[PDB]
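Just the one chain here, laid out as structure tokens, in the form deposited in one PDB entry.
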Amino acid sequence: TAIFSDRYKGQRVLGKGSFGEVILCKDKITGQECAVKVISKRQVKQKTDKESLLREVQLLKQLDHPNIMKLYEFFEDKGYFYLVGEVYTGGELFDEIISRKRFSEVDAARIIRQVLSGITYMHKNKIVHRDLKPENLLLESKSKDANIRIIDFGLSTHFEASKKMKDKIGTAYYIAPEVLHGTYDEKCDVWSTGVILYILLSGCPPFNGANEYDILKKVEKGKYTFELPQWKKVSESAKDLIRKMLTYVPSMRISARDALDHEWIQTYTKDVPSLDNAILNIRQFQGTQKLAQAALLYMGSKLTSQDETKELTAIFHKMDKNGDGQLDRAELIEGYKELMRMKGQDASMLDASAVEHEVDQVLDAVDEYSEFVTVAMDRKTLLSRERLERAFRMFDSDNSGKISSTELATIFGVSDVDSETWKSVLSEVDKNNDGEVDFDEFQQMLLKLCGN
């Protein structure tokens, strides 16, 4: 049997994705770079037996399509699954779209064609995505012509969707009604692609609401309109395809394959204005979604840190069998290894070598075990804290330094934080009734919302 750390070494942590953290890794012999999704058997419940998962893995390894992430290898140990595939460097589709001069029906059609083509291919092979959303769409490279790669095909079939809002963020917009009710098939992916197309052409989700449950209610009802002004500058054939994709009864819904043949895909991927309003709305949409996301991740990292800080102090105290408050390099390493032995393996610490290295990074800064803990945990939180500052600066497009109480409502609503609870927290911070918070205030609000 093969061990993952015998073959690969961690380079960078790429981020949190569905069901797990993704690491840029490198083959120890060949120097081949790869992206690895690490799935914690603790945090995620399986829906199928081991035999069925292995069988799916084997098939996925043989499949090949230019719009589908390529899987190379699969590993399993006591506590983890490791899905090893091709690295893509162009980031998420929507992030590229917001940094564009012009965007038209031609651009959207070229995008949708790719998605549909990838989906069609996978449906032929009896694989359903079920969780398709903008963040599942990566661009292959930084190039302007670069292909879209759909990630995560085949995961939702074998793993139960997280119930934590940190993981649920932004899922409600895209889910087909029949997924909510339990009887679903491959048509659910056409629905989600229809929702994505709708957003691409208007910058607004077709089913919206002030919170998660409110969005699900609208989805379940199935009603939506092209009433928004920006739809006036959009072709009738686009709206027609949307209607067919967002058809309530799945048996009456257009297939992925027939969507490829639709008048709209044919004409605009074969004299077209730029949807300026849509670019402006998508930029707002994306900023909103990413700040809400950063906020929840920041709170989680804060809690995780508090938990680990105390545990690490309790390890270094027990190890300090002479009681002086200071320790040697080797002790710190064995202690830090104990922390991951108990609290579970960390993203950037795939093996014993990774921990040794991390300790030395902390020690190179410290120039007293309490001071080691401080810097160590600070380094653990760094990426969530700066993701917060950056998403805050991104959202604050006017560089005003502030976010209004209206904007907060939208942010907390997407974060699914109780309206009465954050208003309460806002009152304690905004004692001046400015109706707005700066970054530090915003950050204090979040600390108060996670028990601090």
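Position 1 is the first residue in the sequence shown; the rest follow in order. In this text, rigid core is short for the largest set of C-alphas that superpose within 1.5 Å between two forms.
Quick note: we don't show the form deposited in another entry, though the next part is all about it.
With the two forms aligned on their rigid core, point out which item of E334, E263, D95, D214 shifts its C-alpha by 2 Å or more between the shown form and the other one. With the rigid core superposed, the residue that stands out is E334.
Establish whether a shift of 2 Å or more occurs at the C-alpha of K232 between the shown form and the other one, with the two forms superposed on the rigid core. No.
My question is whether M319 is one of the residues whose C-alpha shifts by 2 Å or more between the shown form and the other one, given a fit on the rigid core. Shift of 2 Å or more: yes.
Superposing on the rigid core, I want to see if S384 changes position between the shown form and the other one - specifically a Cα shift of 2 Å or more. After core superposition, the C-alpha of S384 moves 2 Å or more between the shown form and the other one.
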